[PDB]
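Residue numbers (PDB author numbering), protein chains in the order written: chain H, 17 to 38, 61 to 275; chain J, 5 to 188; chain E, 555 to 572, 579 to 593, 600 to 632; chain O, 26 to 233; chain A, 1193 to 1246. What follows is a single structure, written as structure tokens, with notes after it.
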Amino acid sequence: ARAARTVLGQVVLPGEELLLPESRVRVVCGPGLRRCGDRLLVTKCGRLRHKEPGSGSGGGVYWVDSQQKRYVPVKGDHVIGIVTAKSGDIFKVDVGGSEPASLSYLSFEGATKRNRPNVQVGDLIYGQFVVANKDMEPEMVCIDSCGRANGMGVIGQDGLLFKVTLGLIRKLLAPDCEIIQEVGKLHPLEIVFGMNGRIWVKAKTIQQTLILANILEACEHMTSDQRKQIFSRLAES
Amino acid sequence: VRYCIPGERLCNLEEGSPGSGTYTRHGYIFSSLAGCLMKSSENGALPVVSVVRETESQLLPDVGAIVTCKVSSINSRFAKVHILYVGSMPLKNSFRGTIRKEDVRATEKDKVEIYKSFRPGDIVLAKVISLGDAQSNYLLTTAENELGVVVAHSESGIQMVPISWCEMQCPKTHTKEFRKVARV
Amino acid sequence: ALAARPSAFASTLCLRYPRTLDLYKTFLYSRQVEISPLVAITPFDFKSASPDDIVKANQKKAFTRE
Amino acid sequence: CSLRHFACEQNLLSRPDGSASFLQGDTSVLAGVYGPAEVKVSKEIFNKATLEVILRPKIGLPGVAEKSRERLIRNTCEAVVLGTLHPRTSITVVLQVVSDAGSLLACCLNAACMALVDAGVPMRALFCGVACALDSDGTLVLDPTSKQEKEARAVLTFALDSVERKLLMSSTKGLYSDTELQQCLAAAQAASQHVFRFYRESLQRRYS
Amino acid sequence: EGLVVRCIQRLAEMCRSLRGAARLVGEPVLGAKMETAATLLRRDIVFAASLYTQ
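Right, dumping it as structure tokens:
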């Protein structure tokens, strides 16, 4: 039975236990951890990580990060989904979880009983969740907190939508990530990430969109330096 | 006392009237069950004769009846339940039901968000109003002060308690949640 | 039309299965195995508003609509 | 007694959520798992998930035997998966027999465990598969082969926890006494300590 | 520009009524260009109407 703050950046296994610092603290266990008594239990493989910003306060959450494909909705995430039906006065959308989400006709910007928005069956929408507890179908609104849609709504007219694992999405959405700057140095691009494991890309040439689509799924692996620069030069052509 | 078989001569139409679980033909009263011979004298003579087993293993619901239920899942516009008790007595099997978003409160009003009214896993007291369609079969209602969730359950497996007409609070962690509390 | 007496198979098919010291020792239960509530008011005695009743009596008495 | 050559590969197929092929010597079993997804309304349960296990042989069609050995695998995975965190959903386990050389059930349990681990399913503790086969005299042999299985007078298979090495599943063939049942259980408890090391080394290599 | 919007909302009604005629005849060549006109005419200034709409 090891102790926390000692096994950071170490691969753990399900069933193992670890000791948080001594004086019970109110630090909340994350996705792959569950708190039992005055110990923590591991239920998912991965690597222990602890994040406290800048200060000697709380300031701190314990969460392991693993590689998987199946997505579970989390409240407050920007999730790209595809419309499936138009029943009633809502918009059922498939996000990739166990149950479909639910929009409303007035959730869009400046929508009323008369000037309803044009949403077909089989279209992809950029929007964030507001209720994602395990008690009801998740529900998402699609403009803003204040009410001005900041790029949300129905997106995608001349691009390609592909699917990647959650690890690459987590890796790209980092403040110390140089993947996008170098990849966009070769081919100018514009991306709209989704925390459900989906990415929308739009290059200039269809050939370039194919190449970016294939070469982005492999950037979670193939570690930088000795490999990435030579790899970029080979694909320059 | 004497028991019955589902047919025999009991009384004339002048010597009493048919009651519950009986039928008449050709001026005689005929039994239709195997229960007990009960003659409710009431007041005014001519007792309303009837036969009742008094050991109900199963009983079909009616247009108006009080039932104890158990929520299975909840939706933004309905909430599927499982009929568990017909008023008081235990039920050998389980039927199905549906509470539309018009039967929650006694006003049939707007608003009335279903999400915070009938959270799944609770036990509620409700009344039927109809025999329903093939999609929703019994169409229960809670539009009364005496109907609603009666015995709730905590997030972590602790008996819950009523705190108000709309709010209930956990005894351990003092957490506030929303229900539809019925009068005890 | 005489009814008859049973036989073995029937009289065994119709069986009703309905402290006295201690036996089967190893299979007892002892050998094999703070809460400060600060509870709120215990019920809520409905002594108060009960809105449905409010809105109904409210509008019926009011009966003004102006 | 000595466990034979072990090998394993992960993330073979692109369509399922997690795949894991586990071959121990000559016999091999392939497995894949689809994550928590929608479930038919007539089979769903509240406050819990639903586990589905189907086994496919290589020659013929499944019969009574394959479902009798499907119940054991489903009731073994049911005791280590935290279903309460995912209600009104479905978890399915599919097993395919590629080659058979002896001790197939243990390799199936290890394939299922590695597929569940790869798929990212909340688990309470890992489980293993160890098979014992004592000969006509009493000489214990671990992880036997169908050549020895044919001659042996009794074959036993155990599933062991990864926390205190308890007993989860037990299917036995042949007749024996309790003394060698105890000694083969102890041998299984001694054998699982290497399989769990193989598990840890494989996952440590995966995240290199 | 006070009668333009009323002329617009008068035009859109007859274009909304020609679809039922094209469907009655069975000639969707015109019943398609009427649907395109109907979706091409709906702006947002037209629906402004009054202050306390919603």
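All residues carry an ideal CB built from backbone N, CA and C; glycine is no exception.
Using a Cβ cut-off of 8 Å, pull out every chain J residue sitting near residue i, in sequence order please.
{"i": "O/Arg149", "result": "In chain order: nothing, as chain J lies at least about 18 Å away."}
{"i": "H/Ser140", "result": "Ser80"}
Between residue i and residue j, is the Cβ-Cβ spacing less than 8 Å?
{"i": "O/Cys153", "j": "O/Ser196", "result": "no"}
{"i": "H/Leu144", "j": "H/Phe129", "result": "no"}
{"i": "O/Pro82", "j": "O/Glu95", "result": "no"}
{"i": "O/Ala45", "j": "O/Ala140", "result": "yes"}
{"i": "J/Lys113", "j": "J/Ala69", "result": "no"}
{"i": "residue 44 of chain H", "j": "H/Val99", "result": "Structure remark: chain H lacks residues between 38 and 61, so residue 44 of chain H is without coordinates."}
{"i": "O/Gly57", "j": "H/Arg108", "result": "no"}
{"i": "H/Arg21", "j": "H/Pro37", "result": "yes"}
{"i": "O/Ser187", "j": "H/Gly31", "result": "yes"}
{"i": "H/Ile181", "j": "H/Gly119", "result": "no"}
{"i": "O/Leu165", "j": "O/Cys132", "result": "no"}
{"i": "H/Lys240", "j": "H/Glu255", "result": "no"}
{"i": "O/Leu151", "j": "O/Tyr224", "result": "yes"}
{"i": "H/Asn188", "j": "H/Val117", "result": "no"}
{"i": "J/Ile127", "j": "J/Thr72", "result": "yes"}
{"i": "H/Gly68", "j": "H/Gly84", "result": "no"}
{"i": "J/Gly125", "j": "J/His157", "result": "yes"}
{"i": "residue 255 of chain O", "j": "O/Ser128", "result": "Since the first and last residues shown for chain O are 26 and 233, residue 255 of chain O lies out of range."}
{"i": "A/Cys1207", "j": "A/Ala1224", "result": "no"}
Identify the contact partners of residue i in chain J, using a Cβ-Cβ distance below 7 Å as the criterion.
{"i": "H/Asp115", "result": "Correct list: empty, because the minimum Cβ distance to chain J is about 20 Å."}
{"i": "E/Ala606", "result": "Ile167, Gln173"}
Answer with buried or exposed for residue i, where buried requires no fewer than 16 other C-beta atoms within 10 angstroms of its C-beta.
{"i": "O/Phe183", "result": "buried"}
{"i": "H/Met190", "result": "buried"}
{"i": "J/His30", "result": "exposed"}
{"i": "O/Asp162", "result": "exposed"}
{"i": "H/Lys113", "result": "exposed"}
{"i": "O/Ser233", "result": "exposed"}
{"i": "E/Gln592", "result": "exposed"}
{"i": "E/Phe563", "result": "exposed"}
{"i": "J/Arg81", "result": "exposed"}
{"i": "J/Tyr27", "result": "exposed"}
{"i": "O/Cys102", "result": "buried"}
{"i": "O/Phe71", "result": "exposed"}
Hey, could you find the ends of the alpha helix (DSSP H) residue i is sitting in?
{"i": "O/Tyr224", "result": "203 to 231"}
{"i": "O/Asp143", "result": "129 to 144"}
{"i": "A/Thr1231", "result": "1220 to 1233"}
{"i": "E/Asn624", "result": "617 to 628"}
{"i": "A/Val1217", "result": "1196 to 1217"}
{"i": "H/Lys266", "result": "266 to 274"}
{"i": "O/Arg81", "result": "First-last for O/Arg81: 75 to 81, but that is the beta strand (DSSP E), not the alpha helix (DSSP H)."}
{"i": "J/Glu171", "result": "Premise fails: J/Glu171 lies in the beta strand (DSSP E), 171 to 173, not in any alpha helix (DSSP H)."}
Run through chain E and tell me which residues come within less than 8 Å of residue i, C-beta to C-beta.
{"i": "J/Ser168", "result": "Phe610"}
Name the chain A residues that come within less than 7 Å of residue i, Cβ to Cβ?
{"i": "H/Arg152", "result": "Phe1239"}
Residue i touches chain J at which residues, Cβ-Cβ below 9 Å?
{"i": "E/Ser602", "result": "Here the premise fails: no neighbours, minimum Cβ distance about 10 Å."}
Residues of chain O with CB closer than 8 Å to the CB of residue i, please, in chain order.
{"i": "H/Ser104", "result": "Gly145"}
{"i": "H/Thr81", "result": "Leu107, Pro147, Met148, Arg149"}
Starting from residue i, follow the beta strand (DSSP E) in both directions and report where the run begins and ends.
{"i": "H/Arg64", "result": "Premise fails: H/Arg64 is in no beta strand (DSSP E) and is neither H nor E."}
{"i": "O/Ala32", "result": "31 to 35"}
{"i": "H/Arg72", "result": "71 to 74"}
{"i": "J/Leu41", "result": "40 to 44"}
Taking C-beta pairs closer than 8 Å, name the residues in chain H that residue i reaches, listed in chain order.
{"i": "J/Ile78", "result": "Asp173, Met174"}
{"i": "J/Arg13", "result": "The contacting residues do not exist; J/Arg13 stays about 59 Å from chain H at best."}
{"i": "A/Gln1201", "result": "Ordered by position in chain H, no residue passes the 8 Å Cβ test against A/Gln1201, which lies about 12 Å from the chain."}
{"i": "O/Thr101", "result": "Result: empty, since nearest Cβ-Cβ is about 15 Å, beyond 8 Å."}
Taking C-beta pairs closer than 9 Å, name the residues in chain E that residue i reaches, listed in chain order.
{"i": "J/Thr111", "result": "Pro617, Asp618, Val621, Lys622"}
If the cut is a Cβ gap below 7 Å, which residues of chain O does residue i touch?
{"i": "J/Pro124", "result": "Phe71"}
Could you work out which residues of chain E lie near residue i, taking near to mean beta carbons separated by less than 7 Å?
{"i": "J/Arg187", "result": "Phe612"}
Residue i versus chain O: which residues are under 9 Å apart at the beta carbon?
{"i": "H/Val27", "result": "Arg225, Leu228, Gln229, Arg231, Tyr232"}
{"i": "residue 294 of chain H", "result": "As shown, chain H starts at 17 and ends at 275. That puts residue 294 of chain H outside it, with no answer to give."}
Could you work out which residues of chain H lie near residue i, taking near to mean beta carbons separated by less than 9 Å?
{"i": "O/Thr75", "result": "Simply none; closest approach about 12 Å."}
Using a C-beta to C-beta distance shorter than 7 Å, which residues of chain H count as neighbours of residue i?
{"i": "J/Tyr119", "result": "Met174"}
If contact is defined by three or more beta carbon pairs under 8 Å, each pair taking one atom from either stretch, is the segment 136 to 147 of chain O in contact with the segment 103 to 112 of chain O?
Result yes; three or more Cβ-Cβ pairs closer than 8 Å.
Mind the definition here: the segment 26 to 33 of chain O touches the segment 610 to 619 of chain E only if three or more C-beta pairs lie below 8 Å; say whether that holds.
Taking 8 Å as the limit for Cβ pairs, the verdict is that the segment 610 to 619 of chain E does not touch the segment 26 to 33 of chain O.
Evaluate the contact criterion for the segment 111 to 130 of chain O versus the segment 151 to 170 of chain H: three or more CB pairs, one atom per stretch, below 8 Å.
Contact fails: fewer than three Cβ-Cβ distances are below 8 Å.
Tell me whether the segment 241 to 254 of chain H and the segment 144 to 158 of chain H touch, counting them as touching only if at least three CB pairs, one residue from each stretch, are closer than 8 Å.
Flag = no, the segment 241 to 254 of chain H and the segment 144 to 158 of chain H do not touch.
Do the segment 48 to 64 of chain J and the segment 9 to 25 of chain J touch if we need at least three Cβ pairs shorter than 8 Å?
Three or more beta-carbon pairs separated by less than 8 Å link the segment 48 to 64 of chain J to the segment 9 to 25 of chain J, which places the two stretches in contact.
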